[PDB]
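The structure appears below as structure tokens.
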Amino acid sequence: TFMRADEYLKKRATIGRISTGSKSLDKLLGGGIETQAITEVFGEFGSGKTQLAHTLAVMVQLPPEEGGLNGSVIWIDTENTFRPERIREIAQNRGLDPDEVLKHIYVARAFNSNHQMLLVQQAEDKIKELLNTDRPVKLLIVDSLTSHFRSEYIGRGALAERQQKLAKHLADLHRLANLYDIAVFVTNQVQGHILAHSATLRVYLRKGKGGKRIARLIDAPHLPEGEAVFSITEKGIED
Amino acid sequence: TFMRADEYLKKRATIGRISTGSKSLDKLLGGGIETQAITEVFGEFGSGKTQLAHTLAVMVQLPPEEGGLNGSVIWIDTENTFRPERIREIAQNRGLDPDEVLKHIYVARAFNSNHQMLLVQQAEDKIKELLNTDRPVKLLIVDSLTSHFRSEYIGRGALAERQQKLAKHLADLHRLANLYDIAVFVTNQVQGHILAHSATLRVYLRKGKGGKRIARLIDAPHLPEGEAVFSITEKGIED
Amino acid sequence: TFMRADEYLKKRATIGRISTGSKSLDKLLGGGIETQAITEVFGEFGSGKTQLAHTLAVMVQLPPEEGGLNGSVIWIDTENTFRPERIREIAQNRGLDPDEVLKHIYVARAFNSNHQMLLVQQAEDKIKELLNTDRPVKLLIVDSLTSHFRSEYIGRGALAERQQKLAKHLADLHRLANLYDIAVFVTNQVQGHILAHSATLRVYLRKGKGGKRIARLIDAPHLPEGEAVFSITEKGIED
Amino acid sequence: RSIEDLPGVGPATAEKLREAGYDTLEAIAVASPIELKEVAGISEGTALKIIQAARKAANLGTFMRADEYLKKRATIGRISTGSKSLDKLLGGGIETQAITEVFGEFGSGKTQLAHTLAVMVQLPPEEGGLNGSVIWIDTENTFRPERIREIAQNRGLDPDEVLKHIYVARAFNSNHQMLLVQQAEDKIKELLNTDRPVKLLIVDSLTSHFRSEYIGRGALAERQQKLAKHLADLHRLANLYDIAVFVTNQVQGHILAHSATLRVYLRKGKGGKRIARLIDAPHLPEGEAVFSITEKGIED
Amino acid sequence: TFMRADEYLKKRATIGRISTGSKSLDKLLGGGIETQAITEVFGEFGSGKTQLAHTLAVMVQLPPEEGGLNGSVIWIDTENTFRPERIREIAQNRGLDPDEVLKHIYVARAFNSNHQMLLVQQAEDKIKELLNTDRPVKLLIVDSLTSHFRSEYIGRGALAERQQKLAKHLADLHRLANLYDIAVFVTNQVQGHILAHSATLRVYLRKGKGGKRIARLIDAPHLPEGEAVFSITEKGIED
Amino acid sequence: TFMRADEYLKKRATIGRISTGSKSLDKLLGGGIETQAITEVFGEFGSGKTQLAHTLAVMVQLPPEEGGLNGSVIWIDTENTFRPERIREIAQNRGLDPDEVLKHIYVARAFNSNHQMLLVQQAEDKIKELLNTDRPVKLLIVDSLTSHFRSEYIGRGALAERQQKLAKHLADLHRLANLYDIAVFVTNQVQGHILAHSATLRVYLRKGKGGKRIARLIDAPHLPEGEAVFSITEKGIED
């Protein structure tokens, strides 16, 4: 049903923040990507958004002081790009036991749109289970979020239904995000260019100067403006 | 459902690799085509992707140290291009008893899209048999994968429906690939339009100089950036 | 289901070949039209593809050594162009009892697409009898194959189910061709530009210099690259 | 030969050539006899002699030895925008011998930036200027010498003096606009070899008239040609006299200065502040710059 | 006129070659970019074709065994991208006297199409002068060659006028190239579709792997068919 | 003006024939390419039409009894594809002094359409000399004939004067062909679909099975109906 504004001030009071792993990008994200929100990162292939995903899957695991939220991770992989080996590197390269971090990340390969949507639907059960333990789910990744949709739905007279589903999908994520104080991170490859409008926050990133990346926000409401540069290394993302 | 990352590390560790029979190819591919993955090879007619298929139908049969995986083969033929005789000219041609190789390959002629798609619904029962044996299924070929789809879906506003089916087909293959550590090899003639949007790895090959086809990849993650030349001879693909 | 590559090598080994009646063309076909295959002949009206059909209905009846396969014939006529008179003529005029030939040919008039598809369904029943006799069915003709489809399905948004229908029909023929080592011959008048895509071999023929019709293949895989001239006379087709 | 000191050209001829856009040695250098014959009246044969004279005389039709070119660049001045932030983004400020295009939505403050620059350029090098004069081509009737007075008397500058080193011309349409460029060279050489030569040439707006007079897919072609030339006319002045050319372009038809040495995009930001960003990577940083509009024009 | 093949056989022998400063590229180019020819390099912004230009402006100055032809350079700059400073640097970091190098490169800024076309015709004057010198012009650069043309010609029926002019220009360069054994290097930013349909050789290059660039030839006649990788550093381009 | 049908019968009686170098093809051409005619060969890039051109430039030089006509050659090159090297090779490697051949071939590089048309204008001057010598011009090549036209004329409303231009050019060649009993050979790459309509004979050729290019005629009036296979080797073209 509904909820009293005071108790809402309460809910939002508990909004946690995961660090991206680079001082710079955090300043821009005003601390990191937040829970109870869908953060969409989009850019060309190789703009490093899947690295950012991997880094986040580590950070969220460390203590609040360290910039995490002592939480687990649910990862829906649609492009077969999730590399547990990579988590190990970033993790053993950040004061975290490599093989333990992997015990707090749960993946699922999504083979098409219906699968994907059906997977986020199932994540709930997993979320619910770990909700009571010391390390609940705090990060839910969908990478890629748009991949399948922009391939199974071609030509108008399809585009309409795509949105009617992509919107049911995004709504499914928003729910989980708020219902369980989870931060939902989604990627979107960009060169028909569909997007995650509901995105509580959309961050655009591109390949920058010398093997570095650079990201910028999209709009003006809530959060600064300008650009942030960082790089891909062990530890994942670093200033 | 979901898998804990550590398990996933285990899973991905048991990934086998079939040799193409080529020095550059296998190296370019990083040891060749892997299991638990769909490898798509595409190019103009005569670019030799059906030869590559035949070669792979042999290699996979020989021991690991020789570039194989001691496994059987399930072959879905849609263009009536499977030549068991051609297997021999390679088997009993690069060392091996031809009468035995052709005892570990099982074909089915697919006469149209629906037929093709149903051959996977049943390509399982056969993999479920050789499963607990000395030579389980390790290679599943679909040649051609797109042929029928791009011919039965032309109608005003069919493109959409094509995908919703080509995508349910690919998903069916993905499942088998992972559920049974099988390497899935699919061909796609190119040059309206279509390609296995999903897949795990897409390799493009074209005809070259003195009858030598030269391939190349379409990405960079987990795979290098260069070209590979080879030739068609007895033994199938040489180098 | 599937078939062991070896046994498929056995099954394929028994591929018979019907002679077109004319030496030249039969060279281009490397012996002629094969069984376990769909051969499509297409050309303008009067390019003589219905004659070729009639000749074939005779040849197939004579012994292998002469360019036949001692078999019966199933004829699906859609344009009311089957003339036993013509058979009778060719029969005797070749060196065979015309009264005998007219005993191993079974026709059905197809009045529209559904009828047509429905008959190829029932031809299985006739392929069953002859199968145990001395003269099993070895030739199945569909003339015209496309006539009705390109008249009942006018305009995209129909063009769609035309292929669903066409592709299903062709699949029904492919099955029979392989399931019973039958050679399937189909005609297609050309000049909405339809065509049997799953055809095992497509031969194009046009009217030539004077009373002589020329032929040419459509591809490269299997059989030579050149044109073949022949004529229409008693005996049907001859160099 | 510098100007129309060309063989067959007398003042009457020069008159017809100018009123037609053939105002430079390169303009004539690239023309055809037929065109000049029909523009000036001269015969096809003398016009030809004229063309050759120009091809051979052309200033911007000669190559410069890279050692020479390296030095020319060594003498490039820089005007401050009046904002540490923005200047960082420009690597010091807008440069001379270049066309800097600033574009954005109406009200994104690009006309303010123009006014500020018209002051800055007047103060000493250490102050952020080049002790120079200003030529201002106004097409939208947006030049307020009053804003100049202000911004000046707010940086401890004698407004009555600053107002003495800015020269404006109202351009009523494309042809007028383009025409005033050549007449700008007149004043530029006039104030040239003076305590305060011309160091800043503003064209605000640069595109306004072009996107209003050329509507159509048949008008698009020559729209570009004329802009192309106009821009070329500015480039010439920019290099020929170490002048910094600043042009504005309202955006969001569509047009722009494709040959602009540097394009800066700016939009309305936060609250009363504007944010400018560069459109490329070669030469200069790659981030955003925030600033505001106040007395002194642009600040921060 | 119609030079006699004998003489033609000769002239074609008197062709010099500039080294790109990268043994890898040079192999693909077979020595390097040749004189009496227009070599067009095209790729996305930042694919380093302007660097390649700068390097060539150095190489051509050093001795034949060094990989040059002891010649001067004419540079038509249309995008204000010629940095003598960027050149000066290349020579020193390559053992050459930076202040000497810059005495054999002559530039001209082209402000629009007409200007550009002008400059080339006027480049002849210079080429002539330097013709009888210990260091004649051997390299003529046009960067960018297409920039202005694709901006000034976008209206109605403009596309045709763009090719007539583009072609008169290219022909003006071809003449100089042959009339004076000069190598003509032109750049073309890609991604209308404007190109040098007349360039003797077209090389495509893109940004690759880790801060590098991969070169390929768009063709198949003369020279290899493999890609070439290199990098941008002091010395400009490296093998 | 005109010519008495008899004298035209005399003029036509002296129609010479150049051999393509390969027996087979020469059969399809009923002796080869004739004089007083424009023979157009067209096909995809690499279909070997430029080789055929080179071979012809040799054959025409040898005596009639061997498949030539003791004549010189005028070559208009538009794609910079004329290789005296290749001539030299074929020359000697056939049984003739390569140094002599390279004395009866005269080339001109055409840099654009106007240039091209302009040269065919001037070739009359060269056809004049050789006319009185022992080796008059008997072969005039235009390779490529269409290259420049399909690049300078882009879009209908240009397509118009393209033909005005093309048709006028072709007319200029037709005149020379008849006015001087010269055989005019032209190439046309195919795959805006232009083509020499007034061509006396159009031969289409494509790449074949392996290292062998196949040919076929385009019509029926004069010469047979069939395909011809041949290969590229030293001697140029051969069966």
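Note that each Cβ is placed from the backbone with ideal geometry, even for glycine, and that neighbours are counted across all protein chains shown. All of this is worked out from the model, or read from it or from the source named; no laboratory read-out is quoted.
Here are some notes:
- E:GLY43 more than 30 Å from F:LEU119 (Cβ to Cβ) and touching a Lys or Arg at 6+ places or on another chain (Cβ under 6 Å): yes
- Hits in the range C:5-21 (condition: touching a strand residue (DSSP E or B) at 6+ places or on another chain (Cβ under 6 Å) and either facing chain B (nearest Cβ under 7 Å) or surrounded by fewer than 23 Cβ atoms within 10 Å (Cβ to Cβ) (or both)): C:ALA5, C:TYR8, C:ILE15, C:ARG17
- Only one of the numbered conditions (1) at the interface with another protein chain (Cβ under 9 Å from one of its Cβ atoms); (2) in contact with an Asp or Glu (Cβ under 8 Å, 6 or more places away or on another chain) is violated by B:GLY32, and that is (1).
- Cross-chain or 6+ apart pairs with Cβ under 7 Å, the range D:116-144 first and under 18 Å from D:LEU206 (Cβ atoms) and in the same structural domain as D:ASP186 (by CATH), then surrounded by fewer than 16 Cβ atoms within 10 Å (Cβ to Cβ) and among the basic types (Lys, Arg): D:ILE135/D:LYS187; D:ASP138/D:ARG170; D:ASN141/D:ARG170
- In the range D:253-286, the qualifying residues are those that are away from chain E (no Cβ under 14 Å) and β-branched (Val, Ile, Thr), and the one that is nearest to A:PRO221 (Cα to Cα) is D:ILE275.
- Taken as a whole, the structure leaves C:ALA177 outside the set of residues that are in contact with an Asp or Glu (Cβ under 7 Å, 6 or more places away or on another chain) and crowded, with 18+ Cβ neighbours inside 10 Å.
- The range E:132-174 - residue that is within 11 Å of another protein chain (Cβ to nearest Cβ) and basic (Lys, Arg) and, of those, surrounded by the fewest Cβ atoms within 10 Å (Cβ to Cβ): E:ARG156
- Residues of the range E:164-185 satisfying the condition of being in contact with a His (Cβ under 9 Å, 6 or more places away or on another chain) and closer than 21 Å to D:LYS226 by Cβ: E:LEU166
- Candidates in the range F:86-138 are the residues that are of a type in the set (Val, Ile, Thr) and under 13 Å from E:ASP6 (Cα atoms); of these, the one that is farthest from the chain's Cα centre (by Cα) is F:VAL101.
- Among (1) under 15 Å from D:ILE243 (Cα atoms); (2) in contact with a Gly (Cβ under 9 Å, 6 or more places away or on another chain); (3) surrounded by 19 or more Cβ atoms within 10 Å (Cβ to Cβ) - the single one D:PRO125 does not satisfy: (3)
- Tally of residues being under 18 Å from F:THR14 (Cα atoms) and of a type outside the set (S, T, N, Q) across the range F:60-92: 10
- Positions within the range A:127-146 being in contact with a strand residue (DSSP E or B) (Cβ under 7 Å, 6 or more places away or on another chain) and assigned to a loop (DSSP other than H, G, I, E, B), in sequence order: A:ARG135, A:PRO136, A:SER144, A:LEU145, A:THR146
- Single unsatisfied condition, E:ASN188 versus (1) more than 26 Å from B:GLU225 (Cα to Cα); (2) more than 10 Å from every other protein chain (Cβ to nearest Cβ): (1)
- The range E:35-67: number of residues that are within 17 Å of E:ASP143 (Cα to Cα) and within 14 Å of chain F (Cβ to nearest Cβ): 4
- Total residues in the range A:105-122, condition at the interface with chain B (Cβ under 8 Å from one of its Cβ atoms), more than 23 Å from B:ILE38 (Cα to Cα) and either of a type in the set (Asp, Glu) or surrounded by fewer than 24 Cβ atoms within 10 Å (Cβ to Cβ) (or both): 1
- Yes/no for D:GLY82 being over 15 Å from the mean Cα position of the chain (by Cα), in the same structural domain as D:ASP280 (by CATH) and surrounded by fewer than 18 Cβ atoms within 10 Å (Cβ to Cβ): no
- Being part of a helix (DSSP H, G or I) and either β-branched (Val, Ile, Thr) or crowded, with 24+ Cβ neighbours inside 10 Å (or both) is a property that F:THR1 lacks.
- Residue count for the range A:82-104, restricted to those that are facing chain B (nearest Cβ under 7 Å) and in contact with a strand residue (DSSP E or B) (Cβ under 8 Å, 6 or more places away or on another chain): 4
- Residue among A:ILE87, A:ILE33, A:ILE38, A:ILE74 that alone is within 14 Å of A:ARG135 (Cβ to Cβ) and crowded, with 24+ Cβ neighbours inside 10 Å: A:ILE74
- Filter result (more than 9 Å from every other protein chain (Cβ to nearest Cβ), surrounded by fewer than 18 Cβ atoms within 10 Å (Cβ to Cβ) and in contact with a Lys or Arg (Cβ under 9 Å, 6 or more places away or on another chain)) within the range B:207-230: B:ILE218
- Contact annotation: residue pairs with Cβ atoms under 7 Å, 6 or more positions apart or on different chains, pairing a residue in the range D:14-26 that is of a type in the set (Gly, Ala, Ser) with a partner that is part of a loop (DSSP other than H, G, I, E, B), are D:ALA14/D:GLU4.
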